[PDB]
Structures are given as C-alpha cells and as structure tokens.
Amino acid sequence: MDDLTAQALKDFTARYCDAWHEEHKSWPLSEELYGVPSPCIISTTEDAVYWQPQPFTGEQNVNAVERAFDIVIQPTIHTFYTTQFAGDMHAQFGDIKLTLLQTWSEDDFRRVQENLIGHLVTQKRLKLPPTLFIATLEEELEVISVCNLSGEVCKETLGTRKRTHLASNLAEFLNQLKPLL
C-alpha cells in the first residue's frame, strides 16, 4: 500500500514548506485564501492566513466528476486532489513558473470538482483531448494538466488542440518541481 504519486506530492509539499521556513522562517502565508475556512489555517493576520497541510477528510476520489461526465479519470488525478488538504503552492518546472492547485477543505473540494466538470464539458464541446488541470500559469488561457489519455503531464492552451509534453506521469512532474517564493 505505497502510492508513489501521493508520496511525490507530500515530498514536494514538504520541500515547499521548507523553502518558506528557510526564506521567511514560517509556514506558508496566503492572502488569497483569506476568508475561506479550512483545517489548514494556523493563525490569521489582518488579511492573510498561515497554513500547514492537514489530513484530507471525505471520499478519497473524484467520482463526482466521473458521475457527472462520461469518463474514467486517471488514478493519479484521483490521488492528486485527495491526498491532503493544502493551500496552493508556487513552483517551477525547468524555466516554467506555475501555481500548483490543491484542495483547501471539503467545501473547496466540491468546487474543485465543479470546475473540473465545466472544464471537461468545454473540451467535449470542442472535441479536444480530455485533460484534468493541476496547475495555472501567468498566461491567461495556459494551464498544466494530466492528459487523461495516457496520464502524462502536458501544458495546454484552453480551447485549442495544442498540448506539449512536460512529464511522463504526475509523480515524475512532482518530483521535478522546485518551490517558488
């Protein structure tokens, strides 16, 4: 019972927190998550919350997405969003700067799946290769996702057929990520 993908995520999360400790002598501090409840919240300032990863509670799968949409979602994506509760984390893959998305709480988990569903419906409408996003970029319509056909991590432009290979699988991608402060 060793999910190496969940472990790759925990390892990166651990490196992220270490970077925050080394550079700011603290846990991650997020102004963006201020106002949204979560088990991860340690303490709050006038406009931000300090947070730490926490155990994930609830069903550990995104079957709500498979229920709402005719699709068999890669196991690694089920794992990616249900391994822990955590805030978003900034990272770098090679020269690519990104924000790794996560599940903040049970309520946010419902939102996460709603967004994944809207996303798949859009791709079906345009007959585009189905993907499940895991990170955002600065380019407005550019995201990093797990290409559902093979499980590879790809960089895509929403609304287009364009995909570019980044990693063989989610675990590989996560093990290559460097924290970004």
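A residue's number is simply how far along the shown sequence it sits, counting from 1.
Look at the mean CA B-factor for 74-82 and for 87-95 in the entry; the higher one is 87-95.
Per the PDB record, of the two stretches 141-149 and 59-67, 59-67 carries the greater mean B-factor over its C-alpha atoms. Ranked by C-alpha B-factor against the other modelled residues of its chain, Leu126 falls in the highest third. Ranked within its chain, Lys25 lands in the highest third, by CA B factor from the PDB record. Among all modelled residues in its chain, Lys10 ranks in the middle third by Cα B-factor.
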